[PDB]
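Here's the structure we're looking at; comments come further down.
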Amino acid sequence: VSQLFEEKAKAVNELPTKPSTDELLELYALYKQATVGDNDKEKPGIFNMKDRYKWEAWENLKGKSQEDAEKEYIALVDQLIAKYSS
């Protein structure tokens, strides 16, 4: 369930060891996935090549998002908090 998702995800977004560059993409994709639950903001910006890549990796899971995110998410963020706690 998405309960533990919002336990863990809300930490990694604002941890003092903020998420690393290639890990951030996965964490965006999956965080945005279970957070809003659908493809939501279908306009990442114009020069926004970063957001366009992240949003594409998100749109990959556009419909089923919530359900796959919540189960994958725990096993991402626990090994991330292991790096990122302090």
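Note that chain A carries Swiss-Prot numbering, so the residues on display, from first to last, are 2-87.
Header entry for method reads solution NMR.
Note that Cβ sites are derived from N, Cα and C of the backbone, with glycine treated the same way.
Here is what Swiss-Prot records for this protein:
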DOMAIN    2-87  domain 'ACB'
BINDING   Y29, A30, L31, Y32, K33, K51, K55, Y74  acyl-CoA binding site
CROSSLNK  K51  ubiquitin cross-link
CROSSLNK  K72  ubiquitin cross-link
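When the record's acyl-CoA-binding residues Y29, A30, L31, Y32, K33, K51, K55, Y74 are compared pairwise by CA position, the greatest distance found is 22 Å. The Cβ of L31 (acyl-CoA binding site) has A70, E73, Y74, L77 as same-chain neighbours under 8 Å, each 6 or more residues away in sequence.
In terms of DSSP secondary structure, the domain 'ACB' (2-87) contains 58 helix, 0 strand, 28 coil. If you draw a 10 Å sphere around the CB of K72 (ubiquitin cross-link), it holds 15 other CB atoms from the protein chains shown. Cβ neighbours within 10 Å of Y74 (acyl-CoA binding site), excluding its own Cβ and spanning all shown chains: 24. With all protein chains in the displayed structure included, the most crowded Cβ environment within 10 Å among the binding-site residues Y29, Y32 is that of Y32. Cα spacing between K33 (acyl-CoA binding site) and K72 (ubiquitin cross-link): 14 Å, rounded to the nearest whole number. Counting every protein chain shown, 13 other Cβ atoms lie within 10 Å of the Cβ of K51 (acyl-CoA binding site). When the neighbouring Cβ atoms lying within 10 Å are counted for each of the binding-site residues (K33, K55), the highest count belongs to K33.
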